[PDB]
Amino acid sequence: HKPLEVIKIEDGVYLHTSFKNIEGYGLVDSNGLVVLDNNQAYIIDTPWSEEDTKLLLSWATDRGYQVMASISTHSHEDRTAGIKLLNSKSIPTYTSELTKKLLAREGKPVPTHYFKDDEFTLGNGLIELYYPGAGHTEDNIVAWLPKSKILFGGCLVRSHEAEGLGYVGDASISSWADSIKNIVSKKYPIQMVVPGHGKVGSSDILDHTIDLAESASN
């Protein structure tokens, strides 16, 4: 597959995108973020593979950044593949309590840290994490970046160009619209929503996602 791409999307916020070859279908992209605070770096979702995680770490360290932590937004592999490698480098890895326990139940590498409430911050205010309820998975969380006004929605949100909800084998479809409404209730002054797959868009990505969820729910 083609290798990790990293592109600046705001002052101190970079989009990292990994790619998978899907036989029969084509190339599929997966997004996360790197957030900088002076020379400290925080990774929101790892890349989709251990080797693209290695490239992400090298991106940061070649720039003289110290990688302080990762947070993964649910237990699925496009969010967590790199937890094994970061653990091996002694980089703190974080999920929610629920995500950590799901990983453990499945015999997957676990983060070295977790948070218990519906809200938590990383980087002492830099990244606000929120659990809005089930949708894409029972455990999906979102990250709000108050300085850049970026909401990282992960797979709980769908890009404009997405006509469906994606992989729903672990989804709670009938809960999903309510969980997006919970995000809206936070009154974040969102100017960009970053989905787990596809292109970055505005806050109207939330309304789009509600439409898809309500349609599927029937």
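Throughout, we count residues from 1 along the sequence that is shown.
*Asks:* On mean C-alpha B-factor from the PDB entry, just flag whether 148-156 or 161-169 is the higher one.
*Replies:* Higher of the two, by average CA B-factor, is 161-169.
*Asks:* As stated in the PDB record, which stretch has the larger average Cα B-factor, 54-62 or 183-191?
*Replies:* Between 54-62 and 183-191, it is 183-191.
*Asks:* Could you say which of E77, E138, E128, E97 has its CA atom at the highest B factor, as listed in the PDB entry?
*Replies:* Of the options given, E77 has the highest CA B-factor in the PDB entry.
*Asks:* Grab the CA temperature factor for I44 from the record and place it in the lowest, middle or highest third of its chain.
*Replies:* Lowest third - that is where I44 ends up once the chain's C-alpha B-factors are sorted.
*Asks:* When the deposited Cα B-factors of this chain's modelled residues are ordered and cut into thirds, is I205 in the lowest, the middle or the highest one?
*Replies:* Middle third, going by the recorded CA B-factors of the chain.
*Asks:* Of the three thirds of its chain by CA temperature factor, lowest, middle or highest, which one includes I9?
*Replies:* According to the entry, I9 has a C-alpha B-factor in the chain's middle third.
*Asks:* Going by the CA temperature factor in the PDB record, which third of the chain does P109 belong to: lowest, middle or highest?
*Replies:* Highest third.
*Asks:* By the record's CA B-factor, is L36 among the lowest, middle or highest third of residues in the chain?
*Replies:* Its C-alpha B-factor belongs to the lowest third of this chain's values.
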